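Before any questions on how it binds or moves, here is one chain, the form deposited in one PDB entry, in structure tokens.
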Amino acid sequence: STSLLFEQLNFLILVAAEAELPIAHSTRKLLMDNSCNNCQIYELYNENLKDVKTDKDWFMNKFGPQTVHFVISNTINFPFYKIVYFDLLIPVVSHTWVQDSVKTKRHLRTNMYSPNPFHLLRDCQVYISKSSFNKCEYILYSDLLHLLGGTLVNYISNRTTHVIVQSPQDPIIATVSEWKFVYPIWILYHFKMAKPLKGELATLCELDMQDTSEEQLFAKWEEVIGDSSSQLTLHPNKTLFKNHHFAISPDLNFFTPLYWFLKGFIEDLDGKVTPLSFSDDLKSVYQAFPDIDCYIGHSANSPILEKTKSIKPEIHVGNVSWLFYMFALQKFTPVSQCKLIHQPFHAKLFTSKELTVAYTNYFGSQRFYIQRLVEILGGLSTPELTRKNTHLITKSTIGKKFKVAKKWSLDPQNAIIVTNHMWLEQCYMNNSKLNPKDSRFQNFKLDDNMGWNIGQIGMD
């Protein structure tokens, strides 16, 4: 049979071994018959990538200049996986995605189909209660859920598998009463041990209404993650942070066991950690510990960071997100070569009313990235396009969402604005409410170049 399911979408099929040529041909036939635009096949085994720099430029020239929308692979073992998955934010999905995508006749979510073995939560739709955690915790838990392959949502549905609460005291458990209430160690455990959560430890992570105090909470955290991981092989640079010493801002006020976790994460990768206090004298802290070369803070406008930048003018200025990005890439990387979301957060630019936005054709890590951007711009995002929405953000002109929202924008009353993701990124980069109707933000043909992939604006 035929269809237009894949129209204007480019695919890259990776063939790990000659024994895969049948399923590669089979998947490419499925892709062509359902109207893929460009549908390339590339044989990993037939070219000694040993000793050739398979970096971003290499990938861009070899497989470009148009963007690759999906990389089809049953393994992540190829030398440009990190380039594709963590930098350019292109989904990497098993052949099984193409078959199911055809039978279901829709763009299936990619998470479930990632071949990364670290993506232990690929199948979870997790809702993190904002009534339970402060900003810096919410961010950190969101980052690690994303690094573990799960999906974040912003309301509870029948598709929600897990709800993160800090304690029974939180007003989300009251106002609700088939999903599960869990403590954040359910996330942290999978991250730290790189294996599923089973046994008593599985039950230690579920909400217990008899946890009325704080000492019990501490106790359950210490047993689950206090004290030998599986899949040792997965993140093998155990010296990632060697000779680096991080100063931790007080403006992340973590739950103390969560600070322990973050401290042990750094230390297990051979780095050092000094926590800062509001009542520290900072000239003395950086003279006592002269090896301190990094600052970890929540907010760009903190006074602690201001004095620190004057004392230590070449210090690396990052947020907690930047730590885990370095871990994903397995290389220490100055913030200036990472992404906009890895710097200490700007003051909130927009309000909900000015910025309540829907999006379309953003898949996998791109979806997480557009939501993080809206968040730190100070607005809201939604999975479905309604009239509440103030903007629709689009990358192309394909699909029923752009069609409907493009119509509503012709009406003088509604006044909804269709524009591309580079408006988000440029607003944040410049820290200014730019006009989404400028011509550079009305380019709906970004798929013609891989450099216009969301998340590229701001790297060096």
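When you see a residue number, it is the position in the sequence shown, counting from 1.
Not pictured, yet referred to below: the form deposited with a partner chain bound.
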If the cut-off is 4.5 angstroms on heavy atoms, which of these, 99, 336, 203, 131, is the one near the partner chain in the deposited bound form?
131
Interface check vs the partner chain in the deposited bound form: of 215, 384, 227, 291, the one with a heavy atom inside 4.5 Å is 384
For the three residues 87, 309 and 316, which mark the spot I'm curious about, does each lie within 4.5 Å of the partner chain in the deposited bound form through at least one heavy atom?
no
Just one of 239-247, 259-267, 123-131, 181-189 has heavy atoms within 4.5 Å of the partner chain in the deposited bound form; which?
123-131
Examine residue 83 and determine whether its closest non-hydrogen atom to the partner chain in the deposited bound form is within 4.5 angstroms.
no
Looking at the partner-bound form in the deposited bound form, is residue 157 within 4.5 Å of the partner chain by any heavy atom?
yes
Can you tell me if residue 401 lies within 4.5 angstroms of the partner chain in the deposited bound form, counting non-hydrogen atoms only?
yes
Taking heavy atoms only, is residue 367 within 4.5 angstroms of the partner chain in the deposited bound form?
yes
